[PDB]
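Participant: just the structure for this:
(3 chains)
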Amino acid sequence: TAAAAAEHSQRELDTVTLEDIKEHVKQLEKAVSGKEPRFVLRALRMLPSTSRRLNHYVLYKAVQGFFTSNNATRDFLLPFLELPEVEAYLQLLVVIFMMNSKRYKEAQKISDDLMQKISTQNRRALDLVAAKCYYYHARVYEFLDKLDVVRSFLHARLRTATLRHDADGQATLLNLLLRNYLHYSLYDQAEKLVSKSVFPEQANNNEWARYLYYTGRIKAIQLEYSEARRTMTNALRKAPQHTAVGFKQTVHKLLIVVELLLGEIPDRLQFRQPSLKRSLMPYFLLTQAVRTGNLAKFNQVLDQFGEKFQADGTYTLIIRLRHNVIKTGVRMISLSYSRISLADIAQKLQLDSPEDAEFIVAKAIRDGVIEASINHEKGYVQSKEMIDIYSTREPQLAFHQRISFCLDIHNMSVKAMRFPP
Amino acid sequence: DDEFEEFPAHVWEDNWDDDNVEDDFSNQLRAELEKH
Amino acid sequence: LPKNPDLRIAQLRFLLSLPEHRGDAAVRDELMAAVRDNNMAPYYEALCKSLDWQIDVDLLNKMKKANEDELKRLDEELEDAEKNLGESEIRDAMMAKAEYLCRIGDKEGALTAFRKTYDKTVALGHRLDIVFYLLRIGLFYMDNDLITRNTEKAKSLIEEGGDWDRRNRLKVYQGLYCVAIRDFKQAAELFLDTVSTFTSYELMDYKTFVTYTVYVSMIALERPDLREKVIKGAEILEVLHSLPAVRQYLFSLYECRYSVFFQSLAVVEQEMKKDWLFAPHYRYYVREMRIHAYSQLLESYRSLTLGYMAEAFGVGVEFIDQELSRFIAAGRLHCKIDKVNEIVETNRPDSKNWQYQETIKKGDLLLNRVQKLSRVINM
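Facilitator: Numbers count the residues shown, from 1 in each chain, chains lettered A, B, ... in the order given. The structure is reproduced below:
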C-alpha cells in the first residue's frame, strides 16, 4: 500500500493547501469586507506556487465544499473537473487548473465566463483579480494560438481600466496588448500606443519590467538605440532576482544586440553567469565576431545559429549589426587615439581609401558615437581635447538628478507609513 | 513574486583578452628584436 | 609530510600533454621511471588511454601483480587488527591502506579509504593529516570542487584547535589553489606571509616557491609593498642569488629598466606555459605585467614620445602603437595616442576628478539597491 500511503501524505499536504486557500480568502475579506484597499496583493502573492501545487482531486473536493452561496454556476466547473471577489479567485484557480492540464477549450470558455463576471461587477477592490484574470486569459489564447480576438477584447478592457482610474489593471492590460502587437510584429501600432498611453508611475515591479522590455524592443526596432539600451538595462535591474529565468534571458539577449548596435561591447559577466550561458552562447560568438571586426566569423555565426535569432526575434537587428560593426571599429579607434590620420584609419578599421575613411568617420560623428572633429586640409581626425569636468556644470547636473531621486524616495517612504486605527 | 511564465526558458572572473595572437609576448618580441 | 603522490608526476603528465613537449624523450623516460618505481597501475592505465600509448604488457602485468599483492597484505592486516587489536591499530591499518591506494593512484579507492578513515578517527592531528592527503589528491587531479570542499574542512578543523605547522601548510595549499583559480592577490598575501616558513617540500622545491612568490608578488602588489616585501626581503632575495633569471626580471621592473623587463617577461611566459599550475594563466600574467610596465613608465610623464618609449622598451614604434591601442581600448591604461606627430599624451585623472567618478559609480550602485528596496516594500 505504498501508493495509498503516498496519497495519504499528499492529501494531508492538500489539507494544508486548502487551509492556505482559506487564509487567502480571509485576507480578501479583510480587504473587501473590511473594505480597506489593497491586501488583495497579500492574498494573491502566493498565486504561482499555489498554482504549482494545484491538484485535480483536491479541486474536485473544493468545488463541492466551497461556494457557501451555491449559485449553481458551480456546474460549469464540476463536469470538466470530473462573494464578489472570492468567486473570481476560485475561478482563476480553476482556469489555472485547465491551463496546466492542457485543456484549452473549456479553459477558454471558463475564462470568458470569468471575464463576463468581472466586467459586469464594477468593483474597485476586484481590479487586481481582474488583472490576473486578464493575464491568464491571454495565456490561454496564446497556447491556443489565436492572439487576435484577444486584441480587441483586451483593448476594450484597457479602455475600461483607464476610465476607472485604475493602476494594476491598466498596467497589465497595456502590457498584454503590447505583447499581442509584438507577437504579430506590428511595430507601428505598438509604437503609437506606447506614445499615446502613460504607464502608471506607481506600478508593480513585475509590470514595470515587462513594459520596459517591450518599450525597449519597440525603440530598438524603431532605431532609437540609446533610449532602447537604457530601457532594457532598467528593465533588467527591475526584474526579479530568484526567478524569471526566461525573462532575464530575453532581456539580456536584446540588450546584447542593442549595445552591439550602439557600438559598445557588452559585459562578460553575463555570459559567465550559469543561468544564461547556454541561452546566450550564440550571442557570445556574435560579440566575439563584432569586437574582432571579423566579417567572415560573423557570417559563419549567422549561418550557424540563424534559426535561434529568427526564433527569439533579432534577425534585422543582427544586420543593422553589420553596420554598427564597422561603427564599433571606429569607436574603438576614436576611444584610444587623439589625432589619428585618415590613411591610418584606412587600415585599423579595414577600409579601402582615405575617401571612404572620410565618409565613414563623418557619419560616425553625425551619429554621435565618437565625438571628434575632422580636418582634410592635411587629413587628420583630431578629437575633442577633454576639458576637466569638475569646473563645469556636469557634476551639478549629475548630483541634481541623484539628489532629486533621493528626496523622492524619502517622500514616498515617509508616505506609506500607514497606521491601522 | 510571479515567475513570468509567458516567457519560455571555469571559476575565473574572465574579462575578454581571449583573442588570437602570435603567442602573447614571445614570438612578437623575438621578431621585434630581429627587425631592430 | 609524505609525497602522495609526487606532484612532479602531474607536472610530467601535463608537460607531455602540452603539444610542444609531447615528443619529449627525456620527459617520457622520467615519467615512466617514476611510474614504475611507485607502481601506479590505474594511473598508468589512464595515461596510456589518454595519451594513446602502446602498452608494455611484459611490465604492466608485473606491476598489476605487485599492486594486488600489496593491497591484499594491507587489507589482511587491517582485518587482523579489527579482529585482534583496538581502534588505535585498526585506524593505522586503514591509514596504510588509504596511503597505498593514493600512492598507486586509484582515485576512487583512495577517496573512499580516506573518507572511511576520517569517519573512524578522532585525533585532531591525524584528522588534519587525512584532510591534507585529500587536498593534495585534489590538487593532483585539479578537481576544484574537492579541493575547495576539503579547504573549508581544513579551515574548520584548524579553527577547532590546531597548530602552527599545519597553519603554514594550509596557507601554502591555499596559495597553490589561488594560483590555480587566478586570485593572485590572495596568492601573494599567503605566499609572502609564509615564505620565511617554507616547510612543505612535498609540493615543490624552495627555489620554485620563491619564484612563484616573486611572480605573484609582481603581478599583485603595488610598488611600495613590492619594495618593502619582495626586494627588501631576506629570503626572497637570498634565493634570487641562486636564481639569476628571476632576480633580473624583478629588478628590471623595480629599477625601471624596461627592455630587460620584456626580455625576462618572454622568459617567464615560456616558463609558465610549460608549468602545470600556471598554464591556464600565462596569457593573463603576461598581459597584466605588460600593463603594469606601461603604467609604471607613464606614471611619471605627460607626453611621452613614441620613439623614446619604444627605445626604452626595446621594441619598435609599430609594436608599441598596436599594444597601446589594445590596452587603452580595454581601459586599463590612462593614455591617448596621437599618430600624426607620434606622441602619447597621458590623461591621468586628478584626485578630485577620480573621487567624483568613484562617488558617481558607488552611489549609483547604492541608489539601485535602495530603489529596488523602496519600490518593493512601499507597495
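Participant: use CA for all of it now, contacts and neighbours both
Facilitator: Fine.
Participant: if I pick the residue of chain B found nearest chain A, what's in contact with it?
Facilitator: At 3.9 Å from chain A, residue B:9 is the closest residue in chain B, using C-alpha to the nearest C-alpha. Applying C-alpha atoms under 8 Å, 6 or more residues apart in numbering or on different chains, we find residue B:9 in contact with A:245-247, A:249.
Participant: repeat the analysis, applying 6 Å as the threshold.
Facilitator: Neighbouring residues of residue B:9 by C-alpha atoms under 6 Å, 6 or more residues apart in numbering or on different chains: residue A:246.
Participant: wait, a strand at it?
Facilitator: No: checked against DSSP: H, G, I helix; E, B strand; the rest coil, residue B:9 lies outside a strand; its state is coil.
Participant: how close does it sit to residue A:217?
Facilitator: 19 Å (C-alpha to C-alpha, to the nearest Å).
Participant: one more: residue A:23?
Facilitator: 40 Å.
Participant: who's more crowded, the two?
Facilitator: Neighbour totals were compared for residue A:23 and residue A:217, and residue A:217 leads with 26 against 13 (other C-alpha atoms under 10 Å in any protein chain shown).
Participant: could you find the closest non-adjacent residue to that one?
Facilitator: residue A:228 (6.8 Å; C-alpha to C-alpha, 6 or more residues apart in numbering or on different chains).
Participant: pretty sure that neighbour is touching residue A:218, no?
Facilitator: No: if you go by C-alpha atoms under 6 Å, residue A:228 and residue A:218 don't touch, sitting 7.9 Å apart.
Participant: ok so, going back, residues in contact with the residue nearest to residue A:217?
Facilitator: A:216, A:219-220.
Participant: and residue C:354, how many neighbours?
Facilitator: Around residue C:354 there are 12 residues (other C-alpha under 10 Å).
Participant: revised request: answer the last question for residue B:28.
Facilitator: 16.
Participant: and what of the one 5 residues further on?
Facilitator: Applying other C-alpha under 10 Å, we find 13 residues neighbouring residue B:33.
Participant: cool, and the one 3 residues further on?
Facilitator: The local packing count at residue B:36 equals 10, with neighbours defined by other C-alpha under 10 Å.
Participant: now the helices: where do they sit in chain B?
Facilitator: B:27-35 (DSSP state H).
Participant: next to chain A, which bits of chain B? Give me the list.
Facilitator: B:3-4, B:7-9 (C-alpha under 6 Å from any C-alpha of the partner chain).
Participant: write the PyMOL selection for whichever of those residues are buried.
Facilitator: Buried residues within the residues of chain B next to chain A, by 16 or more other C-alpha atoms under 10 Å in any protein chain shown, are selected in PyMOL with:
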select buried, chain B and resi 3+4
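Participant: from the residues of chain B next to chain A, which is closest to residue A:282?
Facilitator: residue B:9 (15.5 Å; C-alpha to C-alpha).
Participant: so where do the strands sit in chain C?
Facilitator: Here chain C has its strands, by DSSP state E, at C:303-305, C:336-338, C:343-345.
Participant: need the winner for burial among those.
Facilitator: strand C:336-338 (a mean of 23; mean count of other C-alpha atoms under 10 Å in any protein chain shown).
Participant: so what does it touch, helix or strand wise?
Facilitator: Packing contacts for strand C:336-338, counted by 3 or more C-alpha pairs under 6 Å, 6 or more residues apart in numbering or on different chains; DSSP states H and E, involve strand C:343-345.
Participant: touching the strand it packs on from outside, list them.
Facilitator: C:302-306, C:335-337.
Participant: any idea how far residue A:389 lies from residue C:295?
Facilitator: Distance from residue A:389 to residue C:295, by C-alpha to C-alpha: 23 Å.
Participant: out of these two, which sits in the more crowded spot?
Facilitator: Using other C-alpha under 10 Å, the more surrounded residue of residue A:389 and residue C:295 is residue C:295, with 15 against 11.
Participant: which parts of the stretch 201-350 of chain C are helices?
Facilitator: Using DSSP state H, counting those that start in this stretch, the helices found in the stretch 201-350 of chain C span residues C:206-220, C:223-226, C:234-242, C:244-255, C:259-274, C:282-298, C:306-313, C:317-330.
Participant: ok, which of those comes nearest residue A:89?
Facilitator: helix C:317-330 (54.8 Å).
Participant: now the longest helix along chain A: buried residues?
Facilitator: Longest helix in chain A by number of residues (criterion: DSSP H): helix A:2-32. Buried residues in helix A:2-32, counted by 16+ other C-alpha under 10 Å: A:14, A:17-18, A:21, A:24-25, A:27-32.
Participant: would you mind listing what in chain A touches chain C?
Facilitator: Within chain A, the positions lying close to chain C (C-alpha under 6 Å from any C-alpha) are A:336-340.
Participant: if we only consider those, which is nearest to chain B?
Facilitator: Nearest member of the residues of chain A next to chain C to chain B, counting by C-alpha to the nearest C-alpha, is residue A:336, at 16.7 Å.
Participant: which ones are touching the closest one?
Facilitator: Per C-alpha under 6 Å, 6+ apart, neighbours of residue A:336: C:325, C:328-329, C:336.
Participant: of these - the most surrounded one?
Facilitator: residue C:336 (23 neighbours).
Participant: and the residue of chain C that's closest to chain B?
Facilitator: For chain C, C-alpha to the nearest C-alpha, closest residue to chain B: residue C:266, 5.0 Å.
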